[PDB]
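Colleague: Starting from these lines, generate the structure:
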Amino acid sequence: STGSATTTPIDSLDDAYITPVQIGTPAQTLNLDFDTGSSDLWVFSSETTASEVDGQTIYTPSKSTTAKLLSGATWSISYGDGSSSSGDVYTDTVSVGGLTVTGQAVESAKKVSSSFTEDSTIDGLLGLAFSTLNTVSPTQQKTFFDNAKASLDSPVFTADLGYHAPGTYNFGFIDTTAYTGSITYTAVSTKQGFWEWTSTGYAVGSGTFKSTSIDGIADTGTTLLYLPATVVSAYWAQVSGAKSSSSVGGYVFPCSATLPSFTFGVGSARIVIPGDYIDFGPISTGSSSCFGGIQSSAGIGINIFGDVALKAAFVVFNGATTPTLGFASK
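Modeller: Residues are numbered from 1 along each chain as shown. Here you go, the structure:
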């Protein structure tokens, strides 16, 4: 089997991407944030505290003839941005782009933090990291990809995120029309539960490539590119007036600037992020200070190849017995 679904930016900045997912019988369609940095499929639901729902579409398990309470199971998750959610668990039928998994754990939110409530466009998350990170207790549950893998034509999914435009998540096949050149594959460590890999270096603009190992994660659920302070300083030093602002929480730059590109290495190959992809617009409405898309990871503990980086590539998440990642230009 295969599946193919369009993913759409939630706003004009590409802060996140939503993908329609069918849950239950008859289908209830929710728009979920596909997140290769976590491993829980959770949804706003009829159980979510009413004051914490503000415009999201909810899953109502009592209206699904295939829903079953997973008795005793609870979940609770905290994300790198400080947001969180928690609740109980049903199993139900879940379909993405024509690919159907029966018995998928659908984690129903009883509580969500304010940033989820405040984002009316995201009805939940669909985790695509390794199932060892799934938070369900006392019986850990598998991701949608893990459950579908055996049925897929090939044990892979691909992320093709657009810049200010829709893109595609495919399951079970590699669309050879969706990228240019060849796909360069690189080793993955699953030891922390992430799609963790080592970039071979970077360049700023038309500058020379610096060969240096950068360990980080491919994370579709993180908006920006988080890299070591040395790398980030070298980038923003090429932008007149750019500075790190403690009050704003990162590097800002004059909105009048033209940003240089940023290149990252994948083995001997190179992925070029255009300068425009690094512009996240005014820090507040009407400001001439703009927020940068490349930020320091120094306070995180891990480097994060988020959407800013991934949207410049066609990315293969290869879930073979030894997982690997592939990157192609597009």
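Colleague: what's residue 145 sitting at in phi/psi?
Modeller: Note on residue 145: its backbone torsions stand at phi -60, psi -50 [degrees, to the nearest 10].
Colleague: what residues are up against it?
Modeller: Counting by C-beta atoms under 8 Å, 6 or more residues apart in numbering, residue 145 touches 128, 157, 171, 317, 319. Quick note: C-beta positions are derived from backbone N, CA and C, even for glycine.
Colleague: Could you tell me how far the most centrally placed residue in the chain is located from residue 291?
Modeller: Centroid-nearest residue in the chain, with C-alpha atoms, centre = their mean: residue 220, separated by 1.8 Å. Remark: distance between residue 220 and residue 291 (C-beta to C-beta, to the nearest Å) = 20 Å.
Colleague: Residue 92 too?
Modeller: Look at residue 92 and residue 291: by C-beta to C-beta, they are 39 Å apart.
Colleague: Residue 121 now?
Modeller: Between residue 121 and residue 291 the distance is 20 Å, computed by C-beta to C-beta.
Colleague: if you count what's nearby, which of these two comes out ahead?
Modeller: The neighbour count for residue 121 versus residue 291, taken as other C-beta atoms under 10 Å, is higher for residue 291 (23 against 16).
Colleague: number of nearby residues for residue 154?
Modeller: Residue 154: 15 neighbours (other C-beta under 10 Å).
Colleague: ignore the last one, residue 139
Modeller: Neighbourhood size, residue 139 [other C-beta under 10 Å]: 11.
Colleague: Is it in a helix, a strand, or coil?
Modeller: Of the three states, residue 139 takes coil under DSSP: H, G, I helix; E, B strand; the rest coil.
Colleague: For it, give me phi and psi.
Modeller: Per-residue torsions, residue 139: phi -120, psi 110 (degrees, to the nearest 10).
Colleague: so what's it closest to, chain neighbours aside?
Modeller: Excluding the flanking residues, the one nearest residue 139 by C-beta to C-beta, 6 or more residues apart in numbering is residue 73, at 6.2 Å.
Colleague: Next, please give the residue ranges for the strands of the stretch 101-250 of the chain.
Modeller: If DSSP state E, counting those that start in this stretch is used as the criterion, the strands of the stretch 101-250 of the chain fall at 124-127, 156-160, 167-171, 184-187, 196-204, 210-218, 225-227, 243-245, 250-254.
Colleague: what's the offset of the first one from the middle of its chain?
Modeller: I take that to be strand 124-127. Centre-to-centre, strand 124-127 and its host chain are 9 Å apart (C-alpha atoms, centre = their mean, to the nearest Å).
Colleague: For that strand, list the C-alpha coordinates in CSV.
Modeller: Taking C-alpha atoms only, strand 124-127 is exported to CSV below (Å, rounded to 0.1, in the frame of the first residue of the first chain):
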residue,chain,number,x,y,z
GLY,A,124,-3.6,17.8,17.0
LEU,A,125,-0.3,16.2,16.3
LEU,A,126,0.7,13.0,14.4
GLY,A,127,4.1,11.9,15.6
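Colleague: still on that earlier bit, could you point out the helix or strand that follows the one helix or strand the residue nearest to residue 139 maps to?
Modeller: According to DSSP states H and E, residue 73 maps onto strand 68-78. As assigned by DSSP H and E, the chain's next helix or strand after strand 68-78 is strand 84-96.
Colleague: That next one vs strand 68-78, what angle?
Modeller: Using axes from the mean of the first three to the mean of the last three C-alpha atoms, to 10 degrees, the inter-axis angle of strand 84-96 relative to strand 68-78 is 130 degrees.
Colleague: tell me which strands and helices strand 84-96 is in contact with?
Modeller: Applying 3 or more C-beta pairs under 8 Å, 6 or more residues apart in numbering; DSSP states H and E, one finds that strand 84-96 makes contact with strand 3-9, strand 17-23, strand 41-43, strand 68-78, strand 99-112.
Colleague: Please work out which of those strands is packed deepest.
Modeller: strand 41-43 (a mean of 28; mean count of other C-beta atoms under 10 Å).
Colleague: hmm, who's touching it?
Modeller: Contacts of strand 41-43 with the rest of the structure, by C-beta under 8 Å, 6+ apart, involve 23, 30, 32, 58-59, 75, 77, 85, 87, 94, 104-109, 123-127, 143-144.
Colleague: What separation is there between residue 69 and residue 138?
Modeller: Distance, residue 69 to residue 138, by C-beta to C-beta: 15 Å.
Colleague: try residue 153
Modeller: Distance from residue 153 to residue 138, by C-beta to C-beta: 34 Å.
Colleague: How about residue 215?
Modeller: Distance, residue 215 to residue 138, by C-beta to C-beta: 32 Å.
Colleague: between these two, who's got more neighbours?
Modeller: Taking neighbours as other C-beta under 10 Å, residue 215 and residue 138 compare with residue 215 leading, 12 against 7.
Colleague: if I pick the more buried one, what's in contact with it?
Modeller: The contact partners of residue 215, by C-beta under 8 Å, 6+ apart, come to 196-199, 302-303.
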